[PDB]
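Since the structure comes first, as structure tokens, the remarks are kept for the end.
In listed order, ligands and their atoms are each counted from 1. The residues of the chain are indexed from 1 along the displayed sequence.
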Amino acid sequence: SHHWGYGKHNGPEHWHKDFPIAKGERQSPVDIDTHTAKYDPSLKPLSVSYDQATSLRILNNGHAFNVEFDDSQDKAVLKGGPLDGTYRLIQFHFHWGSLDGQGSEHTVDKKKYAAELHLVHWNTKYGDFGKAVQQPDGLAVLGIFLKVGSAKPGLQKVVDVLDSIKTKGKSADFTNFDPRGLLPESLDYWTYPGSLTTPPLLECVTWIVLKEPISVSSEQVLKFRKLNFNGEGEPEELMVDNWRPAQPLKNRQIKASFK
Ligand SMILES: COc1ccc2c(ccc[n+]2C(=O)c2ccc(S(N)(=O)=O)cc2)c1
Ligand SMILES: [Zn+2]
């Protein structure tokens with residue numbers, strides 16, 4: 001099984017062979033050109049209601065780690081912004097680099113952040129996640145940039161469990177994590193229509209990318225980089241540089257919620 005990954009032989013420029021939509025019309029991520037993105041006064045404020053969020057578990061899937069939520073009721077929800085309807089939080093994960101100068105998927109005027117957080121939500125009108133990903137308005141992913149400087153106290157709970165899920169296929173109980181602790185002050189955002197940034201690369205995402213990055217410490221991101229792509233008792237490949245680069249914008253407009 002020579003499966004997709006991020007190395008020289010199985011990384012982003014190889015994905016099209018198995019997933020031809022990789023060269024499609026609405027692929028993510030993209031470079032966000034701040035001078036070309038237009039203020040859209042019709043865009044609403046983003047409504048992030050995470051007060052009843054229920055985390056269940058954390059998993060290393062060999063590509064990143066996913067913190068999963070119970071999405072069997074309208075607990076943690078995203079709405080307003082560019083969205084019509086209600087989208088439920090299912091999981092969050094991050095993408096990061098081998099060094100602080102790279103790691104984000106989206107870029108801002110070609111600037112790369114040290115990492116990027118993705119909070120993944122599905123449109124409740126489609127009833128389940130698997131059905132949502134087959135729809136052009138099926139998912140809403142909230143993207144949040146990470147830069148290195150001061151520690152984020154709301155992240156440390158995640159950092160401290162990574163020891164227990166070092167390799168691919170390991171999981172641990174991860175209850176009562178509050179993702180409000182990962183949010184920046186301002187909910188100003190850019191939005192555009194896009195895709196999942198890993199295979200199957202489905203073109204089903206309304207991207208909402210926050211302008212304000214959060215700060216995490218060097219020590220926090222260092223612990224991300226101690227994870228492993230490989231499974232237990234296999235040769236060690238550190239989980240670093242699990243980001244797809246910017247893809248062509250083609251026939252698409254990036255709108256800003258702010259002036
Ligand atoms: C077998 O069960 C699974 C597991 C993961 C699946 C998935 C269906 C599509 C993509 N994924 C995702 O959940 C996924 C992949 C990428 C992104 S991203 N990085 O936010 O665009 C979000 C979500 C099914
Ligand atoms: Zn992602």
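With a 4.0 Å cut-off on non-hydrogen atoms, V141 touches ligand 1 through its side chain and not its backbone. Residue-level proximity to ligand 1 for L196 is carried by backbone and side chain together, each with a heavy atom below 4.0 angstrom.
Atom CG in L119 sits 5.5 Å away from atom CG in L142 (nearest 0.5 Å). Rounded to the nearest 0.5 angstrom, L201 CG and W15 CH2 are separated by 6.0 Å.
Taking the six-membered ring where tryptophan is involved, the planes of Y113 and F145 are essentially parallel, since the angle between them stays under 30° and well short of 60°. Between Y50 and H121, the ring planes lie parallel to each other; the angle is under 30°, not in the 30° to 60° tilted range. Using bins of under 30°, 30° to 60° and over 60° for the plane-to-plane angle, the ring pair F92/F177 lands in the tilted bin.
Of the N or O atoms in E105, none lie within a sub-3.5 Å distance of an N or O in ligand 1.
The protein does not reach atom 1 (C) of ligand 1 closely, with no heavy atom under 4.0 angstrom from it. Protein non-hydrogen atoms do not reach within 4.0 Å of atom 5 (C) of ligand 1.
Using a 4.0 Å cut-off between a side-chain N of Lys or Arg and a carboxylate O of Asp or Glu, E236 and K166 qualify as a salt bridge. Between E105 and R244 there is no salt bridge, since none of the side-chain N atoms of the basic residue sits less than 4.0 Å from a carboxylate O of the acidic one.
For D109, the CG atom sits in a packed shell: over 12 heavy atoms of surrounding residues, nucleotides or ligands are nearer than 6.0 Å.
Close contacts of ligand 1 with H95, meaning ligand atoms under 4.0 Å from a residue heavy atom, involve 19 (N). With ligand atoms numbered from 1 in the order given, ligand 1 contributes 18 (S), 19 (N), 20 (O) to contacts under 4.0 Å with heavy atoms of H118.
Of all the N, O or S atoms in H118, the one closest to the Zn ion (ligand 2) is ND1.
Among protein heavy atoms, atom 15 (C) of ligand 1 sits closest to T198 OG1, 3.4 Å. The shortest contact between atom 23 (C) of ligand 1 and any protein heavy atom is with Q91 NE2, 3.6 Å. Among all non-hydrogen protein atoms, the one lying nearest atom 19 (N) of ligand 1 is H93 NE2, 3.0 Å. The closest protein non-hydrogen atom to atom 21 (O) of ligand 1 is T197 N, 3.0 Å.
Between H106 and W207, the distance separating the two ring centers is shorter than 6.0 angstrom.
Seen from the Zn ion (ligand 2), atom NE2 of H93 and atom NE2 of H95 lie 110° apart in angle, a value rounded to 10°.
By heavy-atom distance, the residue among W207, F94, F129 lying nearest atom 8 (C) of ligand 1 is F129.
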